Structures are given as C-alpha cells and as structure tokens.
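Dumped start05.cif below, it's mmCIF, C-alpha atoms:
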```cif
data_final
#
loop_
_atom_site.label_atom_id
_atom_site.label_comp_id
_atom_site.auth_asym_id
_atom_site.auth_seq_id
_atom_site.Cartn_x
_atom_site.Cartn_y
_atom_site.Cartn_z
CA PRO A 41 4.28 -21.50 35.14
CA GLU A 42 1.99 -19.54 32.78
CA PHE A 43 3.32 -18.52 29.34
CA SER A 44 2.67 -14.73 29.66
CA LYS A 45 4.62 -14.40 32.98
CA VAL A 46 7.64 -16.25 31.63
CA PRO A 47 10.82 -14.44 30.37
CA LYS A 48 11.08 -13.80 26.61
CA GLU A 49 14.07 -16.23 26.57
CA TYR A 50 11.79 -19.12 27.73
CA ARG A 51 9.30 -18.37 24.85
CA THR A 52 12.19 -18.25 22.34
CA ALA A 53 13.51 -21.56 23.82
CA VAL A 54 9.99 -23.12 23.34
CA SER A 55 10.02 -21.99 19.65
CA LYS A 56 13.52 -23.51 19.22
CA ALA A 57 12.48 -26.77 21.05
CA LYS A 58 9.50 -27.16 18.60
CA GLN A 59 11.91 -26.70 15.63
CA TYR A 60 14.26 -29.43 16.97
CA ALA A 61 11.36 -31.85 17.72
CA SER A 62 9.88 -31.37 14.22
CA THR A 63 13.26 -32.07 12.41
CA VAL A 64 15.62 -34.18 14.62
CA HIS A 65 13.83 -36.75 16.76
CA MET A 66 15.21 -36.05 20.28
CA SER A 67 14.39 -37.46 23.67
CA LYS A 68 13.58 -34.93 26.41
CA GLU A 69 17.17 -35.30 27.77
CA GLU A 70 18.78 -34.86 24.32
CA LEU A 71 16.71 -31.70 23.72
CA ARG A 72 17.48 -30.36 27.24
CA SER A 73 21.23 -30.74 26.57
CA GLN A 74 20.92 -29.32 22.97
CA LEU A 75 19.22 -26.05 24.15
CA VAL A 76 22.00 -25.42 26.72
CA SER A 77 25.04 -26.76 24.77
CA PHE A 78 24.27 -25.38 21.29
CA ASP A 79 21.75 -22.52 21.66
CA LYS A 80 23.26 -21.35 24.98
CA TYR A 81 19.93 -21.07 26.85
CA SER A 82 20.22 -21.17 30.66
CA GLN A 83 19.45 -24.51 32.37
CA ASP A 84 16.13 -23.02 33.66
CA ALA A 85 14.96 -21.86 30.15
CA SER A 86 15.91 -25.30 28.70
CA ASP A 87 14.16 -27.17 31.58
CA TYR A 88 11.05 -24.99 30.97
CA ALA A 89 11.12 -25.52 27.16
CA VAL A 90 11.42 -29.38 27.27
CA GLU A 91 8.19 -29.60 29.39
CA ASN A 92 6.19 -26.70 27.86
CA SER A 93 6.53 -27.06 24.06
CA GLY A 94 3.69 -29.61 23.58
CA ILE A 95 6.21 -32.28 22.54
CA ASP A 96 4.99 -35.88 22.49
CA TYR A 97 8.18 -37.85 23.40
CA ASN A 98 6.43 -41.19 22.58
CA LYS A 99 6.06 -39.90 18.98
CA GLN A 100 9.70 -38.62 19.05
CA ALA A 101 10.86 -42.15 20.11
CA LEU A 102 8.75 -43.77 17.33
CA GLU A 103 10.24 -41.42 14.66
CA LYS A 104 13.79 -42.12 15.93
CA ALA A 105 13.02 -45.90 16.03
CA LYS A 106 11.82 -45.78 12.35
CA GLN A 107 15.05 -43.94 11.44
CA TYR A 108 17.20 -46.69 13.12
CA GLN A 109 15.14 -49.44 11.42
CA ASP A 110 15.16 -47.85 7.94
CA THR A 111 18.77 -46.51 7.90
CA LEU A 112 20.53 -49.42 9.63
CA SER A 113 18.18 -52.45 9.66
CA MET A 114 18.63 -52.76 13.43
CA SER A 115 16.37 -55.28 15.20
CA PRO A 116 13.41 -53.99 17.31
CA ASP A 117 15.23 -55.22 20.49
CA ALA A 118 18.51 -53.51 19.50
CA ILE A 119 16.48 -50.30 18.75
CA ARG A 120 14.71 -50.47 22.16
CA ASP A 121 18.13 -50.59 23.95
CA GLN A 122 19.63 -47.83 21.79
CA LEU A 123 16.64 -45.51 22.49
CA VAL A 124 16.99 -46.04 26.28
CA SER A 125 20.75 -46.53 26.91
CA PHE A 126 22.04 -44.14 24.30
CA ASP A 127 19.26 -41.60 23.36
CA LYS A 128 17.89 -41.52 26.94
CA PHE A 129 14.21 -41.93 26.02
CA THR A 130 12.27 -43.45 28.96
CA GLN A 131 11.64 -47.25 28.81
CA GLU A 132 7.89 -46.64 28.09
CA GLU A 133 8.69 -44.28 25.16
CA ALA A 134 11.12 -46.91 23.71
CA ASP A 135 8.58 -49.76 24.31
CA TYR A 136 5.86 -47.74 22.51
CA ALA A 137 8.29 -46.94 19.63
CA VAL A 138 9.32 -50.59 19.01
CA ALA A 139 5.72 -51.93 19.32
CA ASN A 140 4.94 -49.62 16.32
CA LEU A 141 7.87 -50.71 14.08
CA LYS A 142 7.81 -53.02 11.00
CA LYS B 45 18.68 -38.50 -19.64
CA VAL B 46 17.83 -40.04 -16.22
CA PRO B 47 14.31 -41.22 -15.20
CA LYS B 48 12.05 -38.74 -13.33
CA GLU B 49 12.16 -41.13 -10.30
CA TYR B 50 16.04 -40.86 -10.20
CA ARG B 51 15.70 -37.05 -10.15
CA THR B 52 13.00 -37.04 -7.44
CA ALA B 53 15.25 -39.50 -5.46
CA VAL B 54 18.06 -36.85 -5.79
CA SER B 55 15.65 -34.14 -4.53
CA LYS B 56 14.61 -36.44 -1.62
CA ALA B 57 18.31 -37.24 -0.84
CA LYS B 58 19.03 -33.45 -0.64
CA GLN B 59 16.14 -33.01 1.89
CA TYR B 60 17.80 -35.57 4.27
CA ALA B 61 21.23 -33.91 3.79
CA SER B 62 19.78 -30.52 4.85
CA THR B 63 17.94 -31.71 8.01
CA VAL B 64 18.88 -35.28 9.12
CA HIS B 65 22.58 -35.68 8.13
CA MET B 66 22.83 -39.33 7.20
CA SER B 67 26.00 -41.07 5.99
CA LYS B 68 25.90 -42.37 2.39
CA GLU B 69 25.05 -45.93 3.60
CA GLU B 70 22.31 -44.72 6.02
CA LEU B 71 20.79 -42.58 3.20
CA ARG B 72 21.04 -45.48 0.66
CA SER B 73 19.02 -47.69 3.06
CA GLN B 74 16.59 -44.83 4.03
CA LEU B 75 15.57 -44.08 0.40
CA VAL B 76 14.63 -47.78 -0.12
CA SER B 77 13.13 -48.85 3.26
CA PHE B 78 11.36 -45.61 4.11
CA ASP B 79 10.86 -43.71 0.82
CA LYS B 80 10.16 -46.88 -1.24
CA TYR B 81 12.58 -45.95 -4.03
CA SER B 82 14.08 -48.86 -6.02
CA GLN B 83 17.66 -49.85 -5.04
CA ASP B 84 18.84 -48.43 -8.43
CA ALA B 85 17.17 -45.02 -7.84
CA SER B 86 18.68 -44.91 -4.29
CA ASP B 87 22.22 -45.98 -5.47
CA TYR B 88 22.05 -43.21 -8.11
CA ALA B 89 20.74 -40.57 -5.65
CA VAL B 90 23.41 -41.13 -2.91
CA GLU B 91 26.21 -40.55 -5.51
CA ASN B 92 24.57 -37.87 -7.74
CA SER B 93 22.94 -35.36 -5.36
CA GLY B 94 26.11 -33.31 -4.76
CA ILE B 95 25.96 -34.23 -1.05
CA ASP B 96 29.16 -33.47 0.88
CA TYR B 97 29.42 -36.48 3.27
CA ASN B 98 32.32 -34.76 5.12
CA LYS B 99 29.86 -31.94 5.98
CA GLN B 100 27.15 -34.56 6.87
CA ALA B 101 29.63 -36.23 9.32
CA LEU B 102 30.44 -32.81 10.85
CA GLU B 103 26.74 -31.93 11.24
CA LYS B 104 26.09 -35.36 12.82
CA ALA B 105 29.22 -34.92 15.07
CA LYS B 106 27.77 -31.56 16.37
CA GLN B 107 24.41 -33.31 17.09
CA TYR B 108 26.20 -35.98 19.23
CA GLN B 109 28.30 -33.36 21.01
CA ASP B 110 25.38 -31.08 21.92
CA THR B 111 22.54 -33.59 22.48
CA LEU B 112 24.62 -36.13 24.40
CA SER B 113 27.71 -34.22 25.67
CA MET B 114 29.94 -36.74 23.91
CA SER B 115 33.71 -36.47 23.73
CA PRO B 116 35.53 -36.00 20.37
CA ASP B 117 36.94 -39.59 20.52
CA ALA B 118 33.55 -41.18 21.44
CA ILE B 119 31.96 -39.21 18.53
CA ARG B 120 34.66 -40.41 16.05
CA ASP B 121 33.96 -44.12 16.92
CA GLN B 122 30.15 -43.53 16.91
CA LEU B 123 30.16 -41.96 13.40
CA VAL B 124 32.07 -45.00 11.94
CA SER B 125 30.72 -47.98 14.00
CA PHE B 126 27.12 -46.82 14.28
CA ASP B 127 26.47 -44.31 11.43
CA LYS B 128 28.67 -46.01 8.77
CA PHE B 129 30.47 -42.79 7.78
CA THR B 130 33.98 -43.52 6.40
CA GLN B 131 36.95 -43.12 8.80
CA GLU B 132 38.09 -40.04 6.75
CA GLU B 133 34.61 -38.47 7.13
CA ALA B 134 34.61 -39.10 10.95
CA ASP B 135 38.22 -37.79 11.32
CA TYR B 136 37.31 -34.59 9.38
CA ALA B 137 34.11 -34.18 11.54
CA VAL B 138 35.95 -34.47 14.89
CA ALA B 139 38.89 -32.24 13.76
CA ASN B 140 36.28 -29.55 12.96
CA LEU B 141 34.55 -29.62 16.38
CA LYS B 142 35.18 -26.40 18.44
#
```
Structure re-expressed in structure tokens:
Amino acid sequence: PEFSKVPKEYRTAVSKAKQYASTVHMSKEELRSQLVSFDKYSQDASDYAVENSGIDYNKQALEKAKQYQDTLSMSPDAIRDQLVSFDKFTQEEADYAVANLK
Amino acid sequence: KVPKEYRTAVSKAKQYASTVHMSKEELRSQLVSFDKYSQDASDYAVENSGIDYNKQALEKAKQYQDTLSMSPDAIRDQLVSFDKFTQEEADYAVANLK
C-alpha cells in the first residue's frame, strides 16, 4: 500500500522500525513483536512497518551474528542456530550472516 | 593519569551501555574482539565507565520481553546463562519488569 494513503500511525511506526533496526539488530519477527509489545502500535501498523521500512534483514542477521561472535565467542554453527531458533531470522538470513563471520 | 586509549575505551564502553546493553563480560569481550582495544584497556573500561550493570540487565530484560514475548523466569535464566550477567543483576532486572 502506498505511503501517502497510509495512516499517520503507520508512518510513525516506519520511523520507529528504522530506529530499532539501526541500533538493536532485530529479525523481522523480533521487530514485529517489539512495535506491538513496547510501542503499542496495532498489529496492522507493525505488520506494515516491518515490510515497508527498507530494512535489509540479511544485514540485521550479520550485525547480530558479529555481536554473538565478539561478545561471547560462540561458534559460527552455534550462532546460526541461535539466529534461527531463538532470534527467528529466516534460515537464509542466518546462513548469510555466518558465511560473513570471522 | 590514565592513557588516552583507556579514556576512549571508557567513552566507547558508555556508547554500548546507552544503546546495546551488554553485561560486563559481553562488553569486556566486545571492546577487544570488535573494537580492537587491548585487554588492559577493555578491563579498565568495563570497571571505570560508571556503567550500572543492574540497569543494563533491566534494559536487556525489556528487550527479551518485548522482542520475543518471553516470560520473567525464561528472561532471568537467559540473562545469566546466555548474557553472563550476574544472578543479582538478572534478579533485579526481572523484579523490575512491569
């Protein structure tokens, strides 16, 4: 749905989604839950924001993967499972993240 | 009295405490592996940046609760087992969840 025909709330949710993605490295599902649970956006505004904020979730997975590697010295395989099972990144996002680790 | 690099490590440590919310042990490792500080500069920074690790545990507890819809008890275990916060930091964090 085009940006100009969308409620103000959806545009504010997009602004908030961009803030979260630039600071905390969330998967689409983590961000979807954050916008509803913390910011109190409706499910529809959150669902719109996670898809329409220009977020590259492969890059989000890579940044989270680097954090796990640097803060905890977790193995690439342990990081891949954590990103999928726990953070709820897709398998392809987690595979891309770990292929770009040290 | 302290080297410039110890003071920039403190300034870097404060940046993580305002946006990322790492435990002392996660931050100690981060400053070395990611930021390329010496182990001595990192060990100094994690203790001398005025960081409240109780507050860091609470901020990280809120992230788990809202991003993953985690229960208070699952968050408590996660903060200790995964994040390496102390038990006292994790107990404070969970007691302060709404």
If you apply the PyMOL selection byres ((chain B) within 9 of (chain A)) to this file, what residues do you get, as a PyMOL selection string? chain B and resi 63-64+66+69-78+106-107+109-113+126-128
Give me the residues near residue 131 of chain B as a ChimeraX atom specification, where near means some atom within 12 Å (using all atoms listed in the file) and where sequence neighbours in that chain fewer than 2 positions away do not count. /B:67,97-98,101,119-129,133-138
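Once the PyMOL selection byres ((chain B and resi 92) around 12) is applied to this file, the selection holds residues 46, 50, 51, 52, 53, 54, 55, 56, 57, 58, 68, 72, 85, 86, 87, 88, 89, 90, 91, 93, 94, 95 and 96 of chain B.
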Those residues you just picked out, can you put them in a file as a short mmCIF file (atom, residue, chain, number, x, y, z; two decimals), in the coordinates of the input with C-alpha atoms?
```cif
data_model
loop_
_atom_site.label_atom_id
_atom_site.label_comp_id
_atom_site.auth_asym_id
_atom_site.auth_seq_id
_atom_site.Cartn_x
_atom_site.Cartn_y
_atom_site.Cartn_z
CA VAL B 46 17.83 -40.04 -16.22
CA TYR B 50 16.04 -40.86 -10.20
CA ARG B 51 15.70 -37.05 -10.15
CA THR B 52 13.00 -37.04 -7.44
CA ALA B 53 15.25 -39.50 -5.46
CA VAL B 54 18.06 -36.85 -5.79
CA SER B 55 15.65 -34.14 -4.53
CA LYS B 56 14.61 -36.44 -1.62
CA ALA B 57 18.31 -37.24 -0.84
CA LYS B 58 19.03 -33.45 -0.64
CA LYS B 68 25.90 -42.37 2.39
CA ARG B 72 21.04 -45.48 0.66
CA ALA B 85 17.17 -45.02 -7.84
CA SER B 86 18.68 -44.91 -4.29
CA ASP B 87 22.22 -45.98 -5.47
CA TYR B 88 22.05 -43.21 -8.11
CA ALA B 89 20.74 -40.57 -5.65
CA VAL B 90 23.41 -41.13 -2.91
CA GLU B 91 26.21 -40.55 -5.51
CA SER B 93 22.94 -35.36 -5.36
CA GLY B 94 26.11 -33.31 -4.76
CA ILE B 95 25.96 -34.23 -1.05
CA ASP B 96 29.16 -33.47 0.88
#
```
What do you get, as a VMD selection string, if you spell out every residue that the PyMOL selection byres ((chain A and resi 42-46) around 12) selects here? chain A and resid 41 47 to 54 84 to 85 88 to 89 92 to 93
What does the distance from atom CA of residue 61 of chain B to atom CA of residue 100 of chain B come to in Å, to one decimal? 6.7 Å
